[PDB]
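Asker: Sharing structure-v7.pdb below, PDB, C-alpha atoms:
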MODEL        1
ATOM      1  CA  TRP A   1     -22.529  56.716  24.055
ATOM      2  CA  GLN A   2     -25.438  58.402  25.929
ATOM      3  CA  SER A   3     -26.798  55.008  27.091
ATOM      4  CA  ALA A   4     -23.261  53.937  28.234
ATOM      5  CA  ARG A   5     -22.967  57.289  30.157
ATOM      6  CA  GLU A   6     -26.469  56.785  31.680
ATOM      7  CA  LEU A   7     -25.562  53.156  32.644
ATOM      8  CA  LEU A   8     -22.287  54.298  34.304
ATOM      9  CA  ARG A   9     -24.393  57.010  36.114
ATOM     10  CA  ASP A  10     -26.841  54.280  37.322
ATOM     11  CA  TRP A  11     -24.029  51.892  38.505
ATOM     12  CA  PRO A  12     -23.043  54.119  41.570
ATOM     13  CA  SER A  13     -26.728  54.326  42.671
ATOM     14  CA  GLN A  14     -27.356  50.570  41.981
ATOM     15  CA  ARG A  15     -24.496  49.589  44.383
ATOM     16  CA  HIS A  16     -25.497  52.098  47.125
ATOM     17  CA  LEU A  17     -29.182  50.994  47.061
ATOM     18  CA  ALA A  18     -28.182  47.252  46.874
ATOM     19  CA  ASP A  19     -26.197  47.875  50.150
ATOM     20  CA  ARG A  20     -29.576  48.861  51.835
ATOM     21  CA  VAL A  21     -30.689  45.130  52.087
ATOM     22  CA  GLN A  22     -29.268  44.169  55.559
ATOM     23  CA  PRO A  23     -30.534  47.367  57.389
ATOM     24  CA  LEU A  24     -34.029  46.621  55.928
ATOM     25  CA  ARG A  25     -33.955  42.921  57.131
ATOM     26  CA  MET A  26     -33.720  44.057  60.786
ATOM     27  CA  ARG A  27     -36.445  46.707  60.090
ATOM     28  CA  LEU A  28     -38.692  43.978  58.553
ATOM     29  CA  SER A  29     -38.169  41.621  61.546
ATOM     30  CA  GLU A  30     -39.023  44.402  64.052
ATOM     31  CA  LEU A  31     -42.049  45.688  62.038
ATOM     32  CA  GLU A  32     -43.343  42.066  61.719
ATOM     33  CA  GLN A  33     -43.325  41.680  65.542
ATOM     34  CA  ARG A  34     -45.170  45.053  65.810
ATOM     35  CA  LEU A  35     -47.965  43.807  63.488
ATOM     36  CA  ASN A  36     -48.173  40.541  65.507
ATOM     37  CA  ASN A  37     -48.630  42.532  68.756
ATOM     38  CA  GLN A  38     -51.175  44.877  67.070
ATOM     39  CA  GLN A  39     -53.249  41.829  65.996
ATOM     40  CA  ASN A  40     -52.883  40.215  69.483
ATOM     41  CA  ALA A  41     -54.109  43.455  71.156
ATOM     42  CA  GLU A  42     -57.015  43.886  68.635
ATOM     43  CA  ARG A  43     -58.080  40.202  69.089
ATOM     44  CA  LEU A  44     -57.867  40.326  72.921
ATOM     45  CA  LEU A  45     -59.798  43.666  72.891
ATOM     46  CA  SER A  46     -62.540  42.174  70.648
ATOM     47  CA  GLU A  47     -62.891  38.948  72.731
ATOM     48  CA  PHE A  48     -63.050  40.845  76.069
ATOM     49  CA  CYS A  49     -65.436  43.490  74.615
ATOM     50  CA  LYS A  50     -67.702  40.546  73.490
TER      51      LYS A  50
ATOM     52  CA  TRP B   1      -7.943  64.064  35.169
ATOM     53  CA  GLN B   2      -7.896  61.317  37.874
ATOM     54  CA  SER B   3      -9.164  63.716  40.589
ATOM     55  CA  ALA B   4     -11.987  64.968  38.276
ATOM     56  CA  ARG B   5     -12.934  61.305  37.531
ATOM     57  CA  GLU B   6     -12.864  60.476  41.287
ATOM     58  CA  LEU B   7     -15.092  63.533  42.019
ATOM     59  CA  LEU B   8     -17.536  62.534  39.239
ATOM     60  CA  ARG B   9     -17.478  58.982  40.811
ATOM     61  CA  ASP B  10     -18.267  60.237  44.376
ATOM     62  CA  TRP B  11     -20.742  63.076  43.459
ATOM     63  CA  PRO B  12     -23.518  60.716  42.090
ATOM     64  CA  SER B  13     -23.283  58.741  45.396
ATOM     65  CA  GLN B  14     -23.478  62.043  47.383
ATOM     66  CA  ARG B  15     -26.622  63.053  45.367
ATOM     67  CA  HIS B  16     -28.169  59.564  45.837
ATOM     68  CA  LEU B  17     -27.714  59.546  49.685
ATOM     69  CA  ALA B  18     -28.479  63.309  50.285
ATOM     70  CA  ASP B  19     -32.279  62.703  49.841
ATOM     71  CA  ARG B  20     -32.190  60.134  52.751
ATOM     72  CA  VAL B  21     -31.734  62.884  55.458
ATOM     73  CA  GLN B  22     -35.549  63.118  55.977
ATOM     74  CA  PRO B  23     -36.075  59.252  56.007
ATOM     75  CA  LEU B  24     -33.133  59.122  58.499
ATOM     76  CA  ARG B  25     -34.763  61.924  60.645
ATOM     77  CA  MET B  26     -38.021  59.943  60.994
ATOM     78  CA  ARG B  27     -35.970  56.682  61.503
ATOM     79  CA  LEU B  28     -33.868  58.220  64.340
ATOM     80  CA  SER B  29     -36.933  59.856  65.959
ATOM     81  CA  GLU B  30     -38.752  56.475  66.178
ATOM     82  CA  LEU B  31     -35.519  54.656  67.202
ATOM     83  CA  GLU B  32     -34.632  57.174  69.982
ATOM     84  CA  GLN B  33     -38.253  57.092  71.308
ATOM     85  CA  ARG B  34     -37.887  53.255  71.264
ATOM     86  CA  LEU B  35     -34.551  53.501  73.181
ATOM     87  CA  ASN B  36     -36.230  55.762  75.818
ATOM     88  CA  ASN B  37     -38.906  53.042  76.251
ATOM     89  CA  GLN B  38     -36.141  50.345  76.459
ATOM     90  CA  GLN B  39     -34.334  52.373  79.181
ATOM     91  CA  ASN B  40     -37.638  52.821  81.089
ATOM     92  CA  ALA B  41     -38.416  49.059  80.942
ATOM     93  CA  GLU B  42     -34.804  48.152  82.015
ATOM     94  CA  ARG B  43     -35.058  50.594  84.972
ATOM     95  CA  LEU B  44     -38.505  49.278  86.046
ATOM     96  CA  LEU B  45     -37.271  45.628  85.678
ATOM     97  CA  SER B  46     -34.088  46.262  87.746
ATOM     98  CA  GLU B  47     -36.221  48.160  90.326
ATOM     99  CA  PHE B  48     -38.631  45.213  90.825
ATOM    100  CA  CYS B  49     -35.893  42.455  90.861
ATOM    101  CA  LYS B  50     -34.976  43.446  94.509
TER     102      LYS B  50
ATOM    103  CA  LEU C   1     -28.931  46.686  73.173
ATOM    104  CA  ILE C   2     -29.087  47.677  69.430
ATOM    105  CA  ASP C   3     -27.446  51.136  70.024
ATOM    106  CA  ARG C   4     -28.083  52.005  66.304
ATOM    107  CA  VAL C   5     -29.143  55.657  67.016
ATOM    108  CA  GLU C   6     -25.402  56.513  66.774
ATOM    109  CA  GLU C   7     -25.084  54.717  63.356
ATOM    110  CA  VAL C   8     -28.216  56.519  62.041
ATOM    111  CA  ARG C   9     -26.688  59.835  63.317
ATOM    112  CA  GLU C  10     -23.388  59.054  61.459
ATOM    113  CA  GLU C  11     -25.487  58.344  58.298
ATOM    114  CA  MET C  12     -27.229  61.738  58.875
ATOM    115  CA  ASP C  13     -23.855  63.529  59.275
ATOM    116  CA  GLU C  14     -22.557  61.985  56.006
ATOM    117  CA  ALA C  15     -25.876  62.727  54.211
ATOM    118  CA  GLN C  16     -26.155  66.353  55.492
ATOM    119  CA  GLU C  17     -22.457  66.934  54.533
ATOM    120  CA  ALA C  18     -23.155  65.405  51.079
ATOM    121  CA  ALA C  19     -26.168  67.779  50.712
ATOM    122  CA  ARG C  20     -24.040  70.787  51.919
ATOM    123  CA  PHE C  21     -21.208  69.834  49.470
ATOM    124  CA  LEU C  22     -23.807  69.471  46.643
ATOM    125  CA  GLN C  23     -24.982  73.073  47.345
ATOM    126  CA  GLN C  24     -21.307  74.275  47.587
ATOM    127  CA  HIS C  25     -19.924  72.707  44.307
ATOM    128  CA  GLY C  26     -22.941  71.463  42.206
ATOM    129  CA  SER C  27     -22.464  74.304  39.642
ATOM    130  CA  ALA C  28     -18.717  73.504  39.328
ATOM    131  CA  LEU C  29     -19.306  69.706  38.943
ATOM    132  CA  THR C  30     -22.145  70.202  36.351
ATOM    133  CA  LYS C  31     -19.868  72.583  34.310
ATOM    134  CA  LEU C  32     -16.927  70.058  34.545
ATOM    135  CA  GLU C  33     -18.791  66.825  33.527
ATOM    136  CA  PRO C  34     -19.327  67.687  29.746
ATOM    137  CA  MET C  35     -15.554  68.288  29.034
ATOM    138  CA  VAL C  36     -13.580  66.123  31.569
ATOM    139  CA  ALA C  37     -11.462  64.412  28.839
ATOM    140  CA  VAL C  38      -9.420  67.630  28.151
ATOM    141  CA  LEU C  39      -7.580  67.119  31.503
ATOM    142  CA  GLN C  40      -5.569  64.238  29.890
ATOM    143  CA  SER C  41      -3.915  66.731  27.401
ATOM    144  CA  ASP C  42      -1.712  69.665  28.628
ATOM    145  CA  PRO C  43      -0.582  72.374  26.029
ATOM    146  CA  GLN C  44       3.248  71.765  26.246
ATOM    147  CA  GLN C  45       2.801  67.963  26.576
ATOM    148  CA  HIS C  46       0.846  67.977  23.217
ATOM    149  CA  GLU C  47       4.151  68.797  21.385
ATOM    150  CA  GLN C  48       6.094  66.077  23.302
ATOM    151  CA  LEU C  49       3.138  63.724  22.510
TER     152      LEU C  49
ENDMDL
END
Starting from the coordinates I provided, produce the structure as structure tokens.
Answerer:
Amino acid sequence: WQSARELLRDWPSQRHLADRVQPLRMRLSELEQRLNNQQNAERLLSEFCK
Amino acid sequence: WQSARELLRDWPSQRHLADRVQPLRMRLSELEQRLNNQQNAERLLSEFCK
Amino acid sequence: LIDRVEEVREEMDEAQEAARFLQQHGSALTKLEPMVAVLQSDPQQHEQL
């Protein structure tokens, strides 16, 4: 009974957090471009400074 | 009975998403600063076009 | 042209209202959850039952 109650308490949260996938895909794509530009700037800085 | 069940269905979701206010605050701060930079670049682009 | 600052602000409104409602009725909801089943049985209806 307690495990069934705990499972039915988890189910609401499981659905709401599973819905977070698409918003995070756009965040991942944007953050990936940011890292690319950080590495381009660091590389270009290092080559010019050399 | 049905209204109590519906409340006990919604309340766990309310508790689960209430903690996201701070993650949303930092998300909106970065996103609005990004939109200011987008607006600045659009203005400077449109200014140079002519 | 993402314009998602409005969506994030709607998520904040819903989340701040959820937090405000949690502060307003958390004690009532926690006292209701251990004996919700009683609501299916009303004193006069128990005789008709």
Asker: May I have a table of the residues of chain B lying at most 9 Å from range 12-36 of chain A, giving each one's closest pair of atoms and their distance in Å to one decimal, counting all atoms listed in the file, ordered by chain and ascending residue number, as a Markdown table?
Answerer:
| residue | atom | partner | partner_atom | distance |
| --- | --- | --- | --- | --- |
| B:9 | CA | A:12 | CA | 7.4 |
| B:10 | CA | A:12 | CA | 8.3 |
| B:12 | CA | A:12 | CA | 6.6 |
| B:13 | CA | A:12 | CA | 6.0 |
| B:16 | CA | A:13 | CA | 6.3 |
| B:17 | CA | A:16 | CA | 8.2 |
Asker: Going by the chain IDs and residue numbers used in this file, which residues fall under the PyMOL selection byres ((chain B and resi 2-7) around 9)? Write them as number ranges by chain.
Answerer: B: 1, 8-12; C: 29, 32-33, 36, 39-40
Asker: Translate the ChimeraX specification (/A :<12) & /C, as applied to the file shown, into an explicit residue set as a PyMOL selection string.
Answerer: chain C and resi 2+4+7-8+33-34
Asker: Take the residues that were just selected and, keeping C-alpha atoms, output them as a PDB file, keeping the file's coordinate frame.
Answerer:
ATOM      1  CA  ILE C   2     -29.087  47.677  69.430  1.00  0.00           C
ATOM      2  CA  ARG C   4     -28.083  52.005  66.304  1.00  0.00           C
ATOM      3  CA  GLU C   7     -25.084  54.717  63.356  1.00  0.00           C
ATOM      4  CA  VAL C   8     -28.216  56.519  62.041  1.00  0.00           C
ATOM      5  CA  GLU C  33     -18.791  66.825  33.527  1.00  0.00           C
ATOM      6  CA  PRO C  34     -19.327  67.687  29.746  1.00  0.00           C
TER       7      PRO C  34
END
Asker: Could you give the C-alpha RMSD in Å for chain B superposed on chain A, pairing all atoms in order?
Answerer: 0.9 Å
Asker: At what distance in Å, to one decimal, does CA of residue 43 in chain A lie from CA of residue 45 in chain B?
Answerer: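 CA of residue 45 in chain B sits 27.2 Å away from CA of residue 43 in chain A.
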Asker: Using Å and a single decimal, report how far CA of residue 37 in chain B sits from CA of residue 13 in chain C.
Answerer: 25.0 Å
Asker: As an exercise, work out the distance from CA of residue 6 in chain C to CA of residue 40 in chain B in Å and give it to one decimal place.
Answerer: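 Answer for the CA of residue 6 in chain C to CA of residue 40 in chain B separation: 19.2 Å.
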Asker: To test the calculation: enclose all listed atoms of range 20-35 of chain B in a box whose edges run along x, y and z, add 4 Å on each side, then state centre and edge lengths in Å to one decimal, as lines of an AutoDock Vina configuration file.
Answerer:
center_x = -35.2
center_y = 58.2
center_z = 63.0
size_x = 15.0
size_y = 17.9
size_z = 28.4
Asker: Some atoms are absent from range 3-14 of chain C, so rebuild N, CA and C atoms and return them as a PDB file, in the coordinates of the input.
Answerer:
ATOM      1  N   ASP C   3     -28.286  49.925  70.043  1.00  0.00           N
ATOM      2  CA  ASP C   3     -27.446  51.136  70.024  1.00  0.00           C
ATOM      3  C   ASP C   3     -27.199  51.706  68.605  1.00  0.00           C
ATOM      4  N   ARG C   4     -28.174  51.536  67.696  1.00  0.00           N
ATOM      5  CA  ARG C   4     -28.083  52.005  66.304  1.00  0.00           C
ATOM      6  C   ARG C   4     -28.376  53.494  66.114  1.00  0.00           C
ATOM      7  N   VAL C   5     -28.876  54.206  67.131  1.00  0.00           N
ATOM      8  CA  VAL C   5     -29.143  55.657  67.016  1.00  0.00           C
ATOM      9  C   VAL C   5     -27.851  56.385  66.628  1.00  0.00           C
ATOM     10  N   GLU C   6     -26.699  55.958  67.157  1.00  0.00           N
ATOM     11  CA  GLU C   6     -25.402  56.513  66.774  1.00  0.00           C
ATOM     12  C   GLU C   6     -25.116  56.250  65.287  1.00  0.00           C
ATOM     13  N   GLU C   7     -25.306  55.022  64.780  1.00  0.00           N
ATOM     14  CA  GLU C   7     -25.084  54.717  63.356  1.00  0.00           C
ATOM     15  C   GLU C   7     -25.983  55.573  62.455  1.00  0.00           C
ATOM     16  N   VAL C   8     -27.267  55.695  62.797  1.00  0.00           N
ATOM     17  CA  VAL C   8     -28.216  56.519  62.041  1.00  0.00           C
ATOM     18  C   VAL C   8     -27.762  57.987  62.066  1.00  0.00           C
ATOM     19  N   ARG C   9     -27.222  58.470  63.195  1.00  0.00           N
ATOM     20  CA  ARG C   9     -26.688  59.835  63.317  1.00  0.00           C
ATOM     21  C   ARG C   9     -25.426  60.003  62.458  1.00  0.00           C
ATOM     22  N   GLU C  10     -24.555  58.996  62.360  1.00  0.00           N
ATOM     23  CA  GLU C  10     -23.388  59.054  61.459  1.00  0.00           C
ATOM     24  C   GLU C  10     -23.868  59.085  59.997  1.00  0.00           C
ATOM     25  N   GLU C  11     -24.903  58.313  59.646  1.00  0.00           N
ATOM     26  CA  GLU C  11     -25.487  58.344  58.298  1.00  0.00           C
ATOM     27  C   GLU C  11     -26.078  59.733  58.017  1.00  0.00           C
ATOM     28  N   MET C  12     -26.715  60.373  59.009  1.00  0.00           N
ATOM     29  CA  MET C  12     -27.229  61.738  58.875  1.00  0.00           C
ATOM     30  C   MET C  12     -26.095  62.731  58.650  1.00  0.00           C
ATOM     31  N   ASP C  13     -25.000  62.627  59.406  1.00  0.00           N
ATOM     32  CA  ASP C  13     -23.855  63.529  59.275  1.00  0.00           C
ATOM     33  C   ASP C  13     -23.290  63.445  57.852  1.00  0.00           C
ATOM     34  N   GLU C  14     -23.058  62.226  57.359  1.00  0.00           N
ATOM     35  CA  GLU C  14     -22.557  61.985  56.006  1.00  0.00           C
ATOM     36  C   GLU C  14     -23.554  62.523  54.963  1.00  0.00           C
TER      37      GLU C  14
END
